[PDB]
């Protein structure tokens, strides 16, 4: 893996390189962090991407690196997942450029550490809007604009925070638990349109804004990482492999599932 939002210098295939040949994946948050590596790894298996987030310069920069490293197409778009007309405009544009969308990865999210007693009403609601309503919004627009009529696959990038009520995280754990339930609800309603919907819940991942923001001090982090079952942080590529699995015809019979890829961290990490 690479720490920054840059592409791998080399890659060995474990899935066939034509696994998503000529498919198109729409990736919210695909300009940094996990969403960046997911876009890269999809493109190394023949997939074209659309990457969409608020920051136009961020997606433009990412798109040039992704296309450069892989030779597939990456369409960068500016859109806030909370603004349905912008989501609609983005999906219209993707359809016009590529003609099809096969996979939606809902990776956009926001998080920060804060005691629940100190978190403002707006702060709590901002996270629910971005993670939960934003995931609903983008799924809801895809369904309507393409997936209802053509089938499709969704992966929701979630978390394990809500499992044990991770301190300082009431906002993110609540929103992410909402998205996991949302995964089952959509899996039930939309499966008969040939749409699969699963969640993938990463553990602590090196080279991501999430870890830089939420990981805490270095010394306290190593101790919890060393006491976790695989004894290390996960990396962006490993997460992208799991997401790629779930988005691919190799998960043809998998829907309504939450796959945890955390190295067993949620089983042992401290809380309180």
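Residue numbers count along the first chain shown, from 1.
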If you average the CA temperature factors as listed in the entry, which stretch comes out higher, 77-85 or 179-187? 77-85
Averaging only over Cα atoms, indicate whether 205-213 or 242-250 has the higher B-factor in the PDB entry. 205-213
From the list 235, 32, 28, 218, select the residue with the highest C-alpha B factor recorded in the entry. 218
Scanning 107, 142, 154, 167 for peak Cα temperature factor in the entry gives 142
Could you look up the Cα B-factor of residue 136 in the entry and say which third of the chain it sits in: lowest, middle or highest? lowest
Taking the entry's C-alpha B-factors for this chain, is residue 100 in the lowest, middle or highest third? highest
For the chain shown, is the CA B-factor of residue 72 in the lowest, middle or highest third of its modelled residues? highest
Please say which third, lowest, middle or highest, residue 120 falls into when its CA temperature factor is compared across its chain. highest
Taking the chain's C-alpha temperature factors as the reference, tell me which third residue 37 falls into: lowest, middle or highest. lowest
